[PDB]
Amino acid sequence: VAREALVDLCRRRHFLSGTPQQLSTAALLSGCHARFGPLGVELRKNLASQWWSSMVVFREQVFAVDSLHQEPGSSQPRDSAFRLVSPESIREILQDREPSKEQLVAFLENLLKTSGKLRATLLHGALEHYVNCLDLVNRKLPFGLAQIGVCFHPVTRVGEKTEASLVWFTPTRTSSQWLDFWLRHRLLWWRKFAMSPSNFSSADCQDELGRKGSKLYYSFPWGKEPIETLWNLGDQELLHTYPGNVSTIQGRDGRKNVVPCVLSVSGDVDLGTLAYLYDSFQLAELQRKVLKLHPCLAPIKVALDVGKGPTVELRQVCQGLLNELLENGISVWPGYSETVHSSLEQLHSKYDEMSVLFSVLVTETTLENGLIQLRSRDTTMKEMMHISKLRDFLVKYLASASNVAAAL
Amino acid sequence: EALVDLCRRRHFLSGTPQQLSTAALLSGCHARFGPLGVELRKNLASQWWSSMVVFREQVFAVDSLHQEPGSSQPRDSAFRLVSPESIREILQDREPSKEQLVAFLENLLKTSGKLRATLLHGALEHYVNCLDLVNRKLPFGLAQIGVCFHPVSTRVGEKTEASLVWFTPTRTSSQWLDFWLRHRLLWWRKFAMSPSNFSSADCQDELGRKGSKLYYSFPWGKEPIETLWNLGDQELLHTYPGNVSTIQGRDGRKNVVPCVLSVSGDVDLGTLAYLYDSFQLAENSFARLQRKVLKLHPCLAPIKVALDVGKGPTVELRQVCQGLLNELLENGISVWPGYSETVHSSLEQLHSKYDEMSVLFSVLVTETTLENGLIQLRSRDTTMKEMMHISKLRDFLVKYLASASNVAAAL
Amino acid sequence: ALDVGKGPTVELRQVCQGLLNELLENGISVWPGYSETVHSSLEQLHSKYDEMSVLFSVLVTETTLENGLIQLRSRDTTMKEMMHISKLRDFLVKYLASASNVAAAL
Amino acid sequence: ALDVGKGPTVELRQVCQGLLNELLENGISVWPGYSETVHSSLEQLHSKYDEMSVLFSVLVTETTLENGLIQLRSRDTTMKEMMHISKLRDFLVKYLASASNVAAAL
DNA sequence: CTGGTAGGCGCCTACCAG
DNA sequence: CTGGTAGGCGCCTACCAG
DNA sequence: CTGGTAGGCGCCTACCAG
DNA sequence: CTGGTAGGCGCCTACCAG
Ligand code: NA
Ligand code: NA
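Procedures and definitions
Residues numbered from 1 in each chain as written, not as in the entry; some residues may be left out. Chains lettered and ligands numbered in written order. Part of a larger assembly, values for the part shown. Heavy atoms only, no water. Residues with missing side-chain atoms left out of burial classes, pairs and counts. Helix = DSSP H or I, 4+ residues; strand = E, 2+ residues; numbered from the N terminus. Rg over C-alpha atoms; globule rule 2.2 N^0.38 Å. Contact = heavy atoms within 4.5 Å. UniProt positions renumbered as here; feature names shortened; annotations may be inferred. Pairing = 2+ DSSP bridges. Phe/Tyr/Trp six-rings, centres within 6.5 Å; stacked < 30°, edge-to-face > 60°. Buried < 20%, exposed > 50% of the residue type's maximum accessible area, 1.4 Å probe, protein only. Near = heavy atom within 4 Å. Polar contact = N/O pair within 3.5 Å; in protein donor to acceptor, adjacent residues only side chain to side chain. Nonpolar A, V, L, I, M, F, W, Y, C, P; charged D, E, K, R; others polar. Domains from an automatic or database assignment. Axes fitted to C-alpha atoms, helices over the stretch in contact; angles between N-to-C directions. Buried area = accessible area lost by both parts, 1.4 Å probe. Salt bridge = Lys/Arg side-chain N within 4 Å of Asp/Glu carboxyl O. Parallel < 35°, antiparallel > 145°, perpendicular 65-115°, else oblique.

Looking at the method and resolution fields of the entry, one finds X-ray crystallography and 2.75 Å.

As structure tokens, this is what we get:
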């Protein structure tokens, strides 16, 4: 009942996309379809932008890495990674010449041995770029490699999920404290944008080899779902990536040459986007459906609309106002450009369901004294302010909101 | 080539020397870019999204999977996605026959999914959902930046594609295609040192559909970096078979089935183009001497400022750099923390490194800075040094990047 | 501003006339410093043009008669640069077109 | 002079507005006749521009929205010509430059 | 305050002959 | 086809209701 | 393993050369 | 100007007995 209204709202306002069968909980968690619509892409884009800011830009010695979605194939038993086969190579044996029974078995056997596979994590990409980045940092430990990309997980169907990975290379001497540092840092990052930060929790975990780690969860209406995993992998994966002389992969821990310990920090950006959508849905006031996404994450910051007055002159004021806001990094919904006229009540409900932070109305009064009508999403309050002050207000509001979360 | 050697030394590119050849870089069979190359491509994708989505009317974002539904097209060369468990279910469960093996390969060629080659179908499948968003008002567009997969003469290569699928009535289809062609070519040239190396040429497909391709003049010859097509309405009807009323748009007051325009650019090859375009053999002083310097456009240069310390108390100097680094980062200015490096470098060694890394400005904090607040500022393009108060550095950089972003908008 | 350096003054000033004519035909104001016959040092000449707000100073020398390279000096940066005399017109029209569009945004 | 013909006035005025901005940025004086709301026949409109000594009259029509062709009328010869709208800027700049170079030879 | 509406008059579409 | 008016069409103000 | 000094280690500033 | 360097003295490492 309540969970059905949110997905219906996100589908109506184009946060999500797909048929009703693809909008179920199990279908959204699998990731077997393009889950997000235009608003959902921009929200995830703002979520990935905030991740990159707090994990790369303002972090010391964290660098970017690019890796292919494909990894070299091998014959490890039960790898489950989908293999990449050329359709011409299959047609090159069924149409070129008449094959034999023994030749067909060798073709399927060579497929499991040589064909590439889709990546499941971004860990291997960072391990393969470790040596190249080691020269960049002058072999000074610690440092990290970060990347945001789509990974592939088996579900007969294939699922795609956007992973935000940070692979931290640290000495074993301080490996436990860096793992604890990132754990507290990642959990504060999820909670600073949340209306109910208590729904984001953490729990320790171990793998088969007893390596200690921790996972982050969000409390969905059906239960907790893991959104981020942190692992203390040690130095096992790094030695297998570079077999041979360890001197080529040894880092400098102050004055000691040590093979570094690898920390894997992997977060689900797609599932986190759904988490904030559930976190933002609240019924307030007479009840109203309003999504209160954090101002740094809300895809649309301001909406421009016209009221009573000369339509040509009013749209010219909106066009110039839209350009000034876009030139200052403020996303604008050009409601004035829509040919379908809407009432203020219908307009306020649409923008509240689209998580639009502020609604602006340009009227004939604006053409006389320059005053526009400003409506807040969170407080429903209307107020009159001069159009020349709108840019500074929105810029300072977004700057203030981004800095309140930093102190938390 | 001295540039590929330079880009590998400064971590614009990555890979062994065998995969750093021309044919290997064009195939895209390996992760080509290093940390600086990723940031350059990221700034190129940001500038693309700004001039193609943000400041364009009725252009919206679209997300699509890397997989497309499989079918039995004979001319389809896209790599297929096969479950490895289904392969072991026929080679290990029971002893198969020849008829069972052929039926397995035939069923996979008809049902197994395939990796996408373009972003066109992803926008076509989201056309109806976005048509309701615009209240059926034509024209509008769907844009997406993602990695596509291309077969290589078997190995498979990956290339980042910046796609814009424009839905417009056929009445104005030819003029919208000409509009985007001029807009894309001006976008490439505004960041280029030699804009004449970016050219355009008309082309046609198998069915005679008119289009245009953009090229960059690499040292070995022109290479296509962007393709524009006037596809008509063929792909849109095959995507939505049935009643055309569900896909009809509003051309002013007339309900018509829109014409599809595809604008796809190669982001990976475009970064290689700007790396070749930025390399020049300038001279810091002809009469005491050439220098290898990459003059990437300020909007594209991955590192805007570099911070280093000079003579003076190292503790106090690094505290000033840390506070200065935070102020620049908080204002969207990328900073290279050269002061945090433990290896000491001379100014000449430091100037050549920052020039090869295309760092726009080099700042040196010295004992003088602790006395009167003056830092040393060096320009990448002119190699000139200047004393400037540290309180004015942020304003100078944000206005320099603002000016640079405004001449390119006027060109 | 156009001036001559070391070399035969007759042939160097003839090159300056053709260069001045090409610049005037493209709307570029030129100070014919080469036509002045009084003795002047480079320090006095640079101080004169910098105080007259001359954007660029060009010097035609015996090198220009051999390979076509002239000496270009910037007012703002005092930086000297060697460029071919045939490319001077393109450099000036692009620099002046850029400055008008830098201030057009502000 | 810029004017609109048969077709959606709103769409045609947007094309004329963008064409006027490109011509003004290249030093070409434009008469924005498209901004007038009162109807005037082509005969009445051409007689006004001839009396105003307007060198060329341009007409943006529905055909311009389809293939980009505009109608160009010369003042001296009263001849109509169809040319692509992207070539109007290059044509006017060279025509004005040619007239100035022919008069310089007199 | 806000939306639904009726109607005068100028702007604009598109008739409709050559 | 093309271009001139005839005439349809939508903007804007004012009144009203809830 | 713990802690208090003994002793090494690196910062800082004058020279010197190119 | 700038880089290479030598050395006095306080900061810091890590000796080395309990
Ligand atoms: Na009509
Ligand atoms: Na010690």
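Picking up after the structure, the text goes on.
**Student:** Looking at this structure, how should I read the overall build of chain B?
**Tutor:** Helix and strand counts for chain B come out as 14 helices and 19 strands. Here the C-alpha coordinates of chain B stretch approximately 80 × 65 × 40 Å along the principal axes.

**Student:** For this particular structure, what's the right way to read the overall build of chain C?
**Tutor:** Helix and strand counts for chain C come out as 4 helices and 4 strands. Overall, chain C shows an N-to-C arrangement of helices and strands of β-α-α-β-α-β-β-α. A compact globule built from 106 residues should have a C-alpha radius of gyration of about 13 Å, and chain C, at 14 Å, falls within 12% of that. Taking the principal axes of the C-alpha coordinates as reference, chain C spans close to 45 × 25 × 20 Å. Residue pairs in contact within chain C that sit at least 24 positions apart in sequence constitute 45% of those at least 6 positions apart.

**Student:** Sorry, what's going on with the UniProt feature "domain: Anticodon-binding" (unreviewed entry) in chain C here?
**Tutor:** The sites that carry the UniProt feature "domain: Anticodon-binding" (unreviewed entry) are, in the present numbering, residues 9–94 of chain C. Taken end to end, residues 9–94 of chain C is 45% helix and 19% strand, and its two terminal C-alpha atoms sit 30 Å from one another.

**Student:** Even after reading the chapter, I still don't get the pairing of strand β8 (residues 210–218) of chain B, so can you show me in this structure?
**Tutor:** Each regular strand shows side chains that alternate between the opposite faces of the sheet. Residues and elements named next belong to chain B. Note that strand β7 (residues 198–204) and β8 share 7 bridges and pair antiparallel. From the neighbouring strand, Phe198 faces β8, where its bridge partner is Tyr216. What sits between the antiparallel neighbours β7 and β8 is a turn of 5 residues, in which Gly208 has the positive phi angle 75 degrees. Hairpin remark: β8 followed by strand β9 (residues 221–232), antiparallel, with 2 residues in the connecting loop.

**Student:** Explain the UniProt feature "domain: Anticodon-binding" (unreviewed entry) in chain B to me, please; I cannot follow it from the model alone.
**Tutor:** In the UniProt entry, the feature "domain: Anticodon-binding" (unreviewed entry) is given for residues 314–399 of chain B. With 45% helix and 22% strand, the stretch residues 314–399 of chain B has end C-alpha atoms that lie 31 Å from each other.

**Student:** Whenever I open this one, the packing of aromatic side chains confuses me. Can you help?
**Tutor:** Given two aromatic rings, one states the distance between the centres and the angle between the planes to describe the pair. Taken as a whole, this structure holds 53 aromatic pairs over all chains when the rule is applied. Geometrically, the ring pair formed by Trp166 of chain B and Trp180 of chain B is edge-to-face, given 5.2 Å between the ring centres and 65 degrees between the ring planes. With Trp166 of chain B in strand β6 (residues 155–168) and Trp180 of chain B in helix α8 (residues 173–189), this residue pair connects regions lying 14 residues apart in the sequence. For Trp180 of chain B, a relative accessible area of 1% translates into the label buried. Taken together, the aromatic side chains of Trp189, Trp190, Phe193, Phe200, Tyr218, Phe220, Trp222, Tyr276 and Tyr278 of chain A make up a single cluster linked through ring pairs.

**Student:** What am I meant to see in the protein's contact with DNA strand F here?
**Tutor:** What surrounds DNA strand F is the set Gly309, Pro310 and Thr311 of chain A, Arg253 of chain B together with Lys6, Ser41, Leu42 and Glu43 of chain D. For DNA strand F, the fraction of protein-proximal atoms (within 4 Å) that sit in sugar or phosphate groups is 53%. Residue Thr311 of chain A places a main-chain N or O atom 3.1 Å away from a phosphate oxygen belonging to DNA strand F. In the model, a phosphate oxygen of DNA strand F is placed 3.4 Å from a nitrogen or oxygen of the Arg253 of chain B side chain. For the surface near DNA strand F, the class distribution of residues is 2 nonpolar, 3 polar and 3 charged.

**Student:** I'm lost on the protein's contact with DNA strand H in this one. Help?
**Tutor:** All names here are of chain B. In the vicinity of DNA strand H, the contacting residues are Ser346, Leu347, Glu348 and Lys385. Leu347 has a polar backbone atom sitting 2.7 Å from a phosphate oxygen of DNA strand H. Taking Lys385, its side chain carries an N or O atom lying 3.1 Å from a phosphate oxygen of DNA strand H. Residues of the surface near DNA strand H, tallied by class, amount to 1 nonpolar, 1 polar and 2 charged.

**Student:** Hey, could you run me through the domain arrangement of chain B in this one?
**Tutor:** Interface extent is often summarised as the accessible area lost during association of the parts. All names here are of chain B. Domain parsing of chain B yields domain 1 (1–301) and domain 2 (302–411). Once you take the C-alpha centre of each, domain 1 and domain 2 turn out to be 36 Å apart. The interface is formed by 22 residues belonging to domain 1 together with 21 residues belonging to domain 2. Where the side of domain 1 that touches domain 2 is concerned, the elements lending two or more residues are α1 (2–9), α3 (35–54) and β14 (291–294). Here the residues of the side of domain 1 that touches domain 2 are counted per class, giving 12 nonpolar, 3 polar and 7 charged.

**Student:** Looking at this structure, how should I read the interface of chain B and chain A?
**Tutor:** Contacts between the two partners involve 65 residues from chain B, matched on the other side by 65 residues from chain A. The greatest single-element share of the side of chain B that touches chain A, amounting to 7 residues, is contributed by helix α5 (residues 98–111) of chain B. When its residues are assigned to classes, the side of chain B that touches chain A shows 34 nonpolar, 16 polar and 15 charged. Note: strand β3 (residues 83–85) of chain A against strand β3 (residues 80–82) of chain B, 3 bridges, orientation antiparallel. Following the sheet pairing, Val85 of chain A is matched in β3 of chain B by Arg80 of chain B.

**Student:** So what exactly am I meant to see when it comes to the arrangement of the chains here?
**Tutor:** Highest in contacts among the 3 pairs of chains that touch are chains A and B. When C-alpha atoms are compared, chain A and chain D, though not in contact, are closest at a spacing of 11 Å. Considering only C-alpha positions, the minimal separation of the non-contacting chain C and chain D is 10 Å.

**Student:** Teacher, can you tell me more about the sheet that holds strand β12 (residues 261–268) of chain A here?
**Tutor:** Strand pairing in a sheet takes place through backbone hydrogen bonds and is either antiparallel or parallel in direction. All names here are of chain A. The 7 strands are arranged β1-β5-β6-β12-β9-β8-β7 in an open sheet whose pairing can be described as mixed. Strands at the two margins of the open sheet, each flanked by one partner only, are β1 (62–64) and β7 (200–206). Averaged over all neighbouring strand pairs, the angle between strand axes comes to 30 degrees, with direction disregarded. Pairing of strand β5 (residues 143–154) with strand β6 (residues 158–170) involves 12 bridges; the strand directions are antiparallel. Bridging from a neighbouring strand, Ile148 pairs with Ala164 of β6.

**Student:** What's the story with the interface of chain B and chain D in this structure? I'm lost.
**Tutor:** The interface is formed by 5 residues belonging to chain B together with 8 residues belonging to chain D. Between chain B and chain D, a total of about 480 Å² is buried, with carbon and sulfur atoms accounting for 32% of that surface. Run the count over chain B and chain D and you get 2 salt bridges. For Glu11 of chain D, the salt bridge identified is with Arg171 of chain B, shortest N-O distance 2.7 Å. At the surface where chain B touches chain D, the tally comes to 4 residue pairs in polar contact. Within the side of chain B that touches chain D, the residues separate by chemical class into no nonpolar, 3 polar and 2 charged.

**Student:** Quick question: what am I supposed to make of the packing of helix α3 (residues 38–57) of chain A against helix α10 (residues 269–280) of chain A here?
**Tutor:** The packing of two helices is summarised by the inter-axis angle and the distance between the axes. All names here are of chain A. For the pair α3 and α10, the least separation of the axes is 10 Å and the interaxial angle reads 110 degrees. On the basis of their axis angle, the class for α3 and α10 is roughly perpendicular. Contacts between α3 and α10 involve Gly40, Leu43, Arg44 and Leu47 on the former and, on the latter, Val269, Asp270, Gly272, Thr273, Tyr276 and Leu277. Looking at the contact of α3 with α10 residue by residue, the class counts come to 5 nonpolar, 3 polar and 2 charged.

**Student:** Just checking my understanding: could you explain the environment of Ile148 of chain A for this structure?
**Tutor:** Residues and elements named next belong to chain A. Following the sequence through the fold, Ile148 ends up in strand β5. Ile148 gets classed as partly exposed once you look at its relative accessible area, which sits at 28%. The residues touching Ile148, leaving out its near neighbours within four places in the chain, are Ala48, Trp51, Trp52, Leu122, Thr162, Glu163 and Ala164.

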